[PDB]
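Starting off, we have a lone chain in the form deposited in one PDB entry, written out as structure tokens.
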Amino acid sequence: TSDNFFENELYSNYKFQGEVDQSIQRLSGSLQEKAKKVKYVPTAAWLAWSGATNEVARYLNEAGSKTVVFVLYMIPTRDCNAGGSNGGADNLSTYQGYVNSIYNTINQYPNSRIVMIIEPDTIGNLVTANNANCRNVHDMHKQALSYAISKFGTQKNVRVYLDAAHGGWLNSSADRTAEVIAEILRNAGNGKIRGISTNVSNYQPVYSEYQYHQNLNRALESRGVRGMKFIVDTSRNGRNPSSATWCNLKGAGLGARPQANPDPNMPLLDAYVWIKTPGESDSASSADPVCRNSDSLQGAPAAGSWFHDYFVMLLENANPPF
């Protein structure tokens, strides 16, 4: 009954399979052969819109005894800035609805092994985003995360990883980050986390990320939070990033294939995980000025949509190579 669910065989899902299939059909020869090998590489399934509560059962039926990795990404506000919406809940109580629904479905599957990653980019924003008129959403996000952990944090067939940004974002604020994490966990009832996920939807090298894990791990320890393990998103971190551009970064490459316990010199690290879907657009180029940076790839479809050209770039730039 090992507490590292990645030591089990990992579940490859029909959605990513279908996404790679679209690319396979537009490719020939060498790159097609490569794409065919990427198709069965386990990737996390994102719960990122209100309908996603209906998606959970299918995943769980098709997975059998294989580890399923879910990314809960359905919090109410994503930016405490003007003109932002379309992915989050009306409010806390709408959110608690989604959490209960997912929690309930999960309960019907006592033999499944489920990894739940709490919302990506929430802690990051709580530490670094400004506090003048964003006081309200701030406090609600903290409640949101505490609630999610209070539910999923008690299910035996679940292992929770709270997301905590990446080194490029929070390494110089490990003390404040631990402060926020420690308060959330204080309001999370009897919910326990297995650890922290980093580098979700980002390109940071495993080397620097593990350095971030160490500093953050220490901050949490000096706060009373002990025994934290880590997972790192290796989906797009094969090549060091040219800049801090987060949106559809040019020159990125598929990183290490998902694996449990990948390095005995990294004893804090549970696994390399493909958490962001390699090939899915970060955002439409039109959507955010940052998507128009010199080192963001252009012609990006909307967030979540297959971006064929990007996938190809990722394939070519893969590290370790084929």
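Throughout, we count residues from 1 along the sequence that is shown. Take the two forms, superpose them, and find the largest set of C-alpha atoms that agree within 1.5 Å; that set is the rigid core. Shifts are known only where both forms have a C-alpha.
The form deposited in another entry exists for this protein as well; it is not shown, and the discussion that follows is about that form.
When the two forms are superposed on their rigid core between this form and the one not shown, the C-alpha shift of 2 Å or more among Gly87, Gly251, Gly227, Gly97 belongs solely to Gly87. Wider separation of the C-alpha atoms of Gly83 and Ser285, by 3 angstroms or more, is seen in that other deposited form than in the present form. In contrast to the form presented, in that other deposited form the C-alpha positions of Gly83 and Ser146 draw closer by 3 Å or more.
Relative to the superposed core, just one shifted segment between this form and the one not shown, defined as three or more consecutive residues with every Cα moved by 2 Å or more, spans 81-90.
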